[PDB]
Amino acid sequence: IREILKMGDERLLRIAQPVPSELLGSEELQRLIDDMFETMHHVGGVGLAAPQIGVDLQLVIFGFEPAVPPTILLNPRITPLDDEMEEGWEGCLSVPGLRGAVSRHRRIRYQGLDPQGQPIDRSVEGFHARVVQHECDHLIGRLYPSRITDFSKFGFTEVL
Ligand code: NI
Ligand code: NI
Ligand code: NI
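Residues numbered from 1 in each chain as written, not as in the entry; some residues may be left out. Chains lettered and ligands numbered in written order. Heavy atoms only, no water.

Looking at the PDB entry, one finds the chain named Peptide deformylase, with Pseudomonas aeruginosa as its source organism.

This is how it looks when you write it as structure tokens:
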């Protein structure tokens, strides 16, 4: 169980380093992944990026039992499948107490590596697509407030 960094912390602004291929399949990468699951799960989040716990790596996890498969994604690359955008409510453990509506691509392809270096290549839409965009934003130093285009839909969760 690891401390989730909060918006304002300069570490969330980094462009994360790729996971080195030497670390694929290692116990250390395993431990990091397990800590991330334990951390995400303890605070009840749908996703977590390694930078939010202060680890400078292109690694994210996400899962929701609109269900989304439990996934561990390294060194990702996202490709929008079209121009259709869709607004949805988002929150984030690094921005506690808030929700905001954010416009994302409705459908994406994502690629990357699983923790053993096996290739991942999925096309997905709706919520799954949103989660993946949201978590990969952490790897380029972006939190969702920086993606809001309608500020009337940004506020405290209990107020909204
Ligand atoms: Ni290398
Ligand atoms: Ni539990
Ligand atoms: Ni987040």
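**Observations concerning unusual backbone geometry**
As a reminder of what qualifies: The numbering of helices and of strands both runs from the N terminus, where a helix is a DSSP run of H or I of at least 4 residues and a strand a run of E of at least 2. Residue burial is assigned from relative accessible area. The probe radius is 1.4 Å, only protein chains are included, and a residue is buried under 20% of its type maximum, exposed over 50%, and partly exposed in between.
One non-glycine residue, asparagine 75, lies in the positive phi region at around 45 degrees. Mapped onto the fold, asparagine 75 is located in strand β3 (residues 68-80). For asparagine 75, a relative accessible area of 21% corresponds to the partly exposed category.

**A short note on the sheet that holds strand β1 (residues 47-49)**
Which entries qualify depends on this criterion: Pairing between two strands is assigned when DSSP locates at least 2 bridges connecting them. To obtain an axis, a line is fitted to C-alpha atoms, over the contacting stretch when the element is a helix, and the angle between two such axes runs from 0 to 180 degrees between their N-to-C directions. Contacts are assigned to residue pairs with any non-hydrogen atoms lying within 4.5 Å of each other.
Spatially, five strands are ordered β1-β2-β3-β6-β7 in an open sheet, and the strand pairing comes out antiparallel. At either margin of the open sheet sits one strand with a lone partner, and together these are β1 and β7 (119-125). Within this sheet the neighbouring strands show an average axis-to-axis angle of 35 degrees, counted without direction. Sheet analysis places β1 next to strand β2 (residues 59-64), joined by three bridges and oriented antiparallel. Counted as the bridge partner of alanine 49 is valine 60 from β2. Together, β1, β2 and β3 form the strand contacts of helix α1 (residues 27-43), whose direction differs from that of β2 by roughly 40 degrees. Packing of helix α2 (residues 126-139) onto the sheet brings it into contact with β1, β2, β3, β6 (107-113) and β7, and relative to β3 it is tilted by some 65 degrees.

**Here's the deal with α2**
Operational definition: Helix span is expected to be 1.5 Å times the residue number reduced by one.
Helix length check: α2 (14 residues) gives 21 Å between terminal C-alpha atoms against 20 Å at 1.5 Å per residue, within 8%. For α2, a buried count of 13 out of 14 residues is recorded, marking the element as mostly surrounded by other parts of the structure.

**As for the packing of aromatic side chains**
How we decide: Any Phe, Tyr or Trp ring, taking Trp's six-membered ring, that has another such ring centre within 6.5 Å forms a pair; planes under 30 degrees apart are called stacked, those over 60 apart edge-to-face, and the others tilted.
Under the counting rule described, the total for this entry stands at four aromatic pairs. Ring geometry for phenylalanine 62 against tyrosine 110: centres 6.2 Å apart, planes inclined by 65 degrees, an arrangement best described as edge-to-face. According to the relative accessible area criterion, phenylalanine 62 is buried, its value standing at 0%. Among the residues examined, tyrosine 110 registers a relative accessible area of 0% and is labelled buried. Summarising the aromatic geometry, the rings of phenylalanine 151 and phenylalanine 154 are spaced 5.9 Å apart at their centres and angled 85 degrees between planes, so their arrangement reads as edge-to-face. An aromatic cluster is present here, built from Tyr144, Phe151 and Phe154 joined pairwise through their rings.

**As for the state of the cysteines**
Rule in force here: Two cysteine sulfur atoms form a disulfide, by the criterion used here, when they sit within 2.5 Å.
Tallied over the entire structure, the rule returns zero disulfides. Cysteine 92 supplies the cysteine sulfur nearest to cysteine 136, a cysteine that is in no disulfide, at a spacing of 13 Å. A residue is classified by how much of its surface remains accessible, and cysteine 136, at 10% relative accessible area, is buried.

**Describing the environment of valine 132**
Looking at the element boundaries, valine 132 is found in helix α2. For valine 132 and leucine 73, which are 59 residues apart along the polypeptide, the C-alpha to C-alpha distance reads 9.3 Å. Filtering out sequence-adjacent residues up to four positions away, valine 132 remains in contact with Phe62, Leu73, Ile78, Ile108 and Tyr110.

**Considering the nonpolar core**
Here is the rule: Think of a nonpolar core as a cluster: buried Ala, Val, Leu, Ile, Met, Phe, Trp, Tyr and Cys residues, connected wherever their side-chain atoms sit within 4.5 Å.
In terms of nonpolar packing, the biggest core is built from 15 residues, with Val60, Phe62, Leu73, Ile108, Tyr110 and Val132 touching the most fellow members. Taken together, the elements giving at least two residues each to this core come down to β2, β3, β6, β7 and α2. Here the element with the most residues in this core is α2; it accounts for five residues. If sequence neighbours within four positions are ignored, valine 60 has contacts with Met36, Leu48, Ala49, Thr71, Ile72, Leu73, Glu135 and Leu139.

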